[PDB]
4 protein chains.
Amino acid sequence: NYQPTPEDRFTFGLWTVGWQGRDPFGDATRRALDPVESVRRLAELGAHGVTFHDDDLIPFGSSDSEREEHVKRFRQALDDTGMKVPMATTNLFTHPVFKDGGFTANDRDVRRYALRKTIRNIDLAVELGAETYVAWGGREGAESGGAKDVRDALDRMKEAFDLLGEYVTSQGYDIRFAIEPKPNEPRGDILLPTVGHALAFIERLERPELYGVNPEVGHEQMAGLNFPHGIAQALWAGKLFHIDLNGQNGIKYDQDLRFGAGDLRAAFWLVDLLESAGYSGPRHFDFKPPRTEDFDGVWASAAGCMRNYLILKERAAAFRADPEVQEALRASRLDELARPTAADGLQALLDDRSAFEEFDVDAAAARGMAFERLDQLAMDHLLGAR
Amino acid sequence: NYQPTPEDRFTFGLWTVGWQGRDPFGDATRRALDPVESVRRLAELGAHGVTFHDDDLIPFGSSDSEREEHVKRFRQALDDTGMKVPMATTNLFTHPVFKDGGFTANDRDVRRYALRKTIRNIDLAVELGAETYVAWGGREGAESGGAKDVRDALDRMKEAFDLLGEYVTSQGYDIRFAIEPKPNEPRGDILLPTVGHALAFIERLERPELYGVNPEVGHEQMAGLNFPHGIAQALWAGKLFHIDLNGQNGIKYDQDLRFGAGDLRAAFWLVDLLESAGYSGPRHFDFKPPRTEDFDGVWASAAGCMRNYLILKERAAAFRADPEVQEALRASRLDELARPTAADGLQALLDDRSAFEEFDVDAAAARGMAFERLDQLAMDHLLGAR
Amino acid sequence: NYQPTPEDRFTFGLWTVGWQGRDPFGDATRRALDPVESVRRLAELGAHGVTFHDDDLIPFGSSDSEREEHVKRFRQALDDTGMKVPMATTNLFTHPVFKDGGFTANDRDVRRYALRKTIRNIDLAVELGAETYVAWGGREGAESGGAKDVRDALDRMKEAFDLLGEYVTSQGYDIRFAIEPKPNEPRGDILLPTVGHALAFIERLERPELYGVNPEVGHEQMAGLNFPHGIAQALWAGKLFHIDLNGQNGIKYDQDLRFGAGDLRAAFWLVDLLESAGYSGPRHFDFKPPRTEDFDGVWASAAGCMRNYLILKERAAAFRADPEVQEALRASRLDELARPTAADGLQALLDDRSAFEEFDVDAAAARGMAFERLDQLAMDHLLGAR
Amino acid sequence: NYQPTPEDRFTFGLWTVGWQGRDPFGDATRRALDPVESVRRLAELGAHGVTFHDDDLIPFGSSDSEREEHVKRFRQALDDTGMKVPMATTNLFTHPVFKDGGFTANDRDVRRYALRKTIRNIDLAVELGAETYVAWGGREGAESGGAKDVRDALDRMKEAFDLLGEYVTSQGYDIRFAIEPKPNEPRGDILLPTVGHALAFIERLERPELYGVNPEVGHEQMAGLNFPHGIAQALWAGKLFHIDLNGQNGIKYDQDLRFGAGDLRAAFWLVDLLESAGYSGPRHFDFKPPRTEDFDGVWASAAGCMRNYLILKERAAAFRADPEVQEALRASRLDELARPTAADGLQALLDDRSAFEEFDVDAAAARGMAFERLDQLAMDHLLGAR
Ligand SMILES: OC[C@H]1O[C@H](O)[C@H](O)[C@@H](O)[C@@H]1O
Ligand SMILES: OC[C@H]1O[C@H](O)[C@H](O)[C@@H](O)[C@@H]1O
Ligand SMILES: OC[C@H]1O[C@H](O)[C@H](O)[C@@H](O)[C@@H]1O
Ligand SMILES: OC[C@H]1O[C@H](O)[C@H](O)[C@@H](O)[C@@H]1O
Ligand SMILES: [Mg+2]
Ligand SMILES: [Mg+2]
Ligand SMILES: [Mg+2]
Ligand SMILES: [Mg+2]
Ligand SMILES: [Mg+2]
Ligand SMILES: [Mg+2]
Ligand SMILES: [Mg+2]
Ligand SMILES: [Mg+2]
Ligand SMILES: [Mg+2]
Ligand SMILES: [Mg+2]
Ligand SMILES: [Mg+2]
Ligand SMILES: [Mg+2]
């Protein structure tokens, strides 16, 4: 009954189940978790692996020998459980030095520090076997218009990512980068606020093949955008390197609800797309168990992430396999959308009088699209009524 | 006192002052304007030129000889007034045949018709001297998840724009294309919903140098995004071919208020950026005089568009020239944001102990950014209090 | 299998299935329906009744004898089908005379006309057996700040509703009024924009017992509000006289999708509340079949409204009856929320040292709320996984 | 030049300039301020007074003698500076015990504790001379649908406020209560989410005359609502007891920018209304100096709050006094909006054939409202261009 196993490739950040529940208006409601205990607990739930910021694993300001002890204990728990580390990232947002950003801070010495802190963790990520290195520029942005010249900031952002690409190529590392967009919070506006802006920026880097996106359900929904549409564009560009799964109820602060909560039908269409397109990367949950919960609620919330993915996968597969849905998809001309508009070429199109001079525009206009019947078949499948 | 002249390059769509006031809940409140009368009236107000959809100028279904008469009358009014036509576009959204889109309609024969209708108007636009051809795919999208496979739709969208680029290159035309994003309305979600998504899509076309964006103030604000930030990214990419200026009060239906209405401080920062970056294209107003107004209100609203641009241009120039603002910009390290992070290169950065091992993180963190004083100088300048 | 019958009390506006598909950017895609054919078709689908604006049933400007013929034909179709008319309303938004409002138009003569048009239709509604008369003030509002003094406008709004209440009391009619809030569209901001503002306004009318609310799913969601929470407050006040059911995908133009579309989990919690609280009024669908559809799609969309209500009713009933959910509700202390805080009274509370001086705040804080496990049981029930 | 003095009645919360800059993603960037130093600094800037939560002034868990020392030091600074304390409030949101609310927590013992903590601070507020006691129920709400039966929660909310009203009446205190709405954050949805919902709830309390609202600019804008419209409704009801002034850029997390930032034109229309209606309460700033700033930026931001109010007051007064604006207001029939619709009464309206049978609907419809010219005069005045 919807039991996950490590072959489902479900992963969690240490910072997710480890969130102590401090929000802008309240103190922590839960004690800190030891990273080793989170690995063991997630393994028992059926997770495939974990992800980390540098500062989740090694407390900021650790000596080189404290650092080695923290890594050794962690590696022992991975060895004991079979858990993998497919992704890692840098914390360039918590410490006060990053209050105006890391890569695009106005102060040049902070930008250099940010790059050195990042490079140190790329080495550790490669050592632990990560294939993707995520960058979330949560402090790159502004609350006011004159504080940040955005063209200069984009020059600095490109400079930073180009240097990171020079570093991993010169070291011979097999790792790729994924940029995680967010439109706002904690800055009033954040640079590269959506999947689209991030994809566009990547095409201006010196080695674009090293960079993709790590979209997050809730972040695109904080701009009111359709998250499965944005994922489709990332897959179309060949840039979906990683994904953050969670839930969000509309345009408000980043809630990071468990996956399946928030916009349930968008979750269904997302799973349909990921499974249809054959996405093979980790199914990563970036979520926060609500601060109302104790530790039993933390693990129930994490289990629910995986459960909802597996229920929606079953319902989406049943939808696509249903002969009546296949009939309805042809009724709505999804087959024709997949055929070229003008494989005969430009000149043939220009000479084709059935495309304009003799085209019966009123008869084409009268054809219903039959989209509502198709969508109710999708609803029946989602609700198990079919 | 803030009087426009044609050298300010203010342009208006025929459909703007010509909007009859029909909305989803009400009939028209104004009679139709003759395009010739709109040209003459806008010229008297100080406009530089006008723009048009094919169907604004030539009623849909006109014979080839009615077409010639409509164009001749129009050309005579341009000759009489000195007005230019810098941009033109196609109506692929009003007629019922386009109810599921033009370039990405599921029906293949509609897609071919859409391309033929577009090509016919590119010829006319070149004849009238337009330098930019805008595409707004207002019907390209969906209300439900199964109606539109977005990867196939993006294939069809790329196919259409590639064919248009083959057409203008084979004809030897000096015209470029600009894609106008909008996130929603009239479709539940529209493909290429923001500036970012459009910029990313352009980089996958066969001849990307022919395509840029035509962002609209209100459209990016319907997703809660920072419009001057998005314009900066378009300028950074070298893709700001055209712009639509108007006003919008937040996340709701597309209001198309006169420019300066809506988010006034965003309008100030937009003008600052366009003038600082030396944008030389048309300052185009895509706005709707509210349906409360009679024809005297139409021309007052149009005049207000230009007036507000010129007031904000004056205030932004005073801001940037003020020695006290120049001092504050250095106080906030805007000068340092413009300097390379690591012109010394990767290896020097790695060997620079002042970038990490000896970096005094607490002393850097203690430095205030002085952004609030800078922003209050900007407010004082905007309000004329300085 | 989820078949509606008239005892389920599903009703539809004539303007819903009759929407021709004209939106702000496009012409109609469907021909007009005769009201008689809509009654017959809805009866065959299992509807209980229909609702109407005056102008849906009697074309604007009809002679008194054309009026009588339109009503007679309509009454014959009701007699032939068994369909009821539980609600009626006035169109104070389509005609250009209402461009600045009806009850709160700045022009006094328009306000008087609006009241006379309303009163004429109250007589007809009573004749057809309606129990509720809805007012939706879609044009009452403003696009700019100086156009409307809102205190004077609220005086005029109160004046109008007080006169309508004087009219129905002096006539001896058994009808009540329901105010339908909407935050915006077609005006930039609409007066009484949410359920809350409407409830507050009612308490200042001379005969508040005659007035309640008619909330609409999509309208509260256009302000990002929780629609089941708002309905609970209306039920708490005893003011839920009628309800408009449909779907909406977040903060954007009013989509009026079929019920169950949009925010599916909010639809589940709404049905749970209406059924638990014993709401006995009509389940009215104010929805628009998308303009992509032909007439077969219109009736499929209408059928889907009813189907989704009945599926969600079944799932909500299964949730509330499940012993494991009953256990979880006590685990989360829903039983304690229903018990008085201080039935012992103020003085006893003040003297109760276990409420403050001896209250163990850390032990209370440590108690998990168990809300995530409860919510996953609700998800399992919704998806039929339980 | 726009210098505040204590007669302008500008007040600040201790928690505003005292915000250390901890947000959901980052540590504090500023040290804690001593309340005594904040009083002295605000007095030098021209403030009239300060406000406080119980826990801002007396650290949580203080002994009764530490409590007395904290109050004495505070009272000495008030005596030294002339500063007043017009409002006070309770912190029912920071401590983990309040994670599911105070007055509407599911656990009954937490609800009793919340009432005792509140009552203790009402006594102190009266001792310091406060006239208004604010309640902001920031934790009253839910992230999921089954966690909170909202009708039971409203019963508990009414119970709590009724007991507080019994307490202040039995003690003979001259203090009134003001409910501060917020739609979301830190709970997914908060009960009483807007001004309207709060006004409606007050009318169901046992002694409604003791309760009003304390609306906040940014909170109504987090629901996309028009804040001057909501204030007008509160003034119309006679319930504007207090106000929180700040700025917000649209629908996102609560930014609490300095007043004048965010939606500048809404700030202009708010000041116009408050000054026109003769609001005599405190002009209270609930704002957060951005965490980019050091302490010099804190005081610059606070000074800017007051400066922007005084600039906007001048511009609004110039607007209303301008004979050309007075002419335009009559042109737009604002004078007619203030006149009764039907002072002649219902029967006269029914007998008035010029209100319906002989009303020339097309001639009324043709009249322009002249709202755009009026709004451009308002823009010219705001920008000092007039
Ligand atoms: O970059 C990894 C993570 O960093 C921070 O935790 C962000 O809040 C989250 O969105 C992101 O995914
Ligand atoms: O494409 C030109 C114009 O077409 C339509 O009028 C759109 O509503 C507008 O946004 C666009 O700019
Ligand atoms: O008042 C009845 C109906 O009137 C209009 O059709 C509105 O768009 C709808 O929201 C409302 O319910
Ligand atoms: O209740 C007083 C204050 O409490 C908290 O600080 C809130 O964040 C603020 O909105 C409110 O005004
Ligand atoms: Mg996130
Ligand atoms: Mg998030
Ligand atoms: Mg994330
Ligand atoms: Mg537009
Ligand atoms: Mg627009
Ligand atoms: Mg446009
Ligand atoms: Mg509606
Ligand atoms: Mg609606
Ligand atoms: Mg409705
Ligand atoms: Mg606040
Ligand atoms: Mg706030
Ligand atoms: Mg506040």
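Lettering follows sequence order; numbering is per chain, from 1. Basis for what follows: all heavy atoms, side chains included, without hydrogens, waters or symmetry-related copies. As the structure lists them, so they are numbered: ligands from 1, and atoms in each ligand from 1.
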Restricting to N, O or S atoms of [X], which is nearest to the Mg ion (ligand 13)?
{"X": "C:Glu216", "value": "OE1"}
{"X": "C:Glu180", "value": "OE2"}
{"X": "C:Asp244", "value": "OD2"}
{"X": "C:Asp286", "value": "OD2"}

Atom of D:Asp256 closest to the Mg ion (ligand 15), considering N, O or S atoms
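Of all N, O or S atoms in D:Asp256, the Mg ion (ligand 15) lies closest to OD1.
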What angle, in degrees and rounded to 10°, do you get at the Mg ion (ligand 15) when you join it to OD2 of D:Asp254 and to NE2 of D:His219?
100°
Is it true that the side chains of B:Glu216 and B:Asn246 contain a donor and an acceptor less than 3.5 Å apart?
yes
For the residue pair D:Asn91 / D:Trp15, report whether a side-chain donor-acceptor contact shorter than 3.5 Å exists.
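The answer is no; no qualifying pair exists.
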Is it true that B:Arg187 and B:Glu140 make a salt bridge, defined as a side-chain N closer than 4.0 Å to a carboxylate O?
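Between B:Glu140 and B:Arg187 there is no salt bridge, as every charged N stays at least 4.0 Å from the carboxylate O atoms.
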Basic-acidic side-chain contact under 4.0 Å: B:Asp23, C:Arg139:
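Salt bridge flag = yes for C:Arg139 with B:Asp23.
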Qualifying residue for side-chain contact (heavy atoms from CB on, under 4.5 Å) with C:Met222, from C:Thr194, C:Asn184, C:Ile251
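Checked C:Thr194, C:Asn184, C:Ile251 against C:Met222; only one passes side-chain contact (heavy atoms from CB on, under 4.5 Å): C:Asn184.
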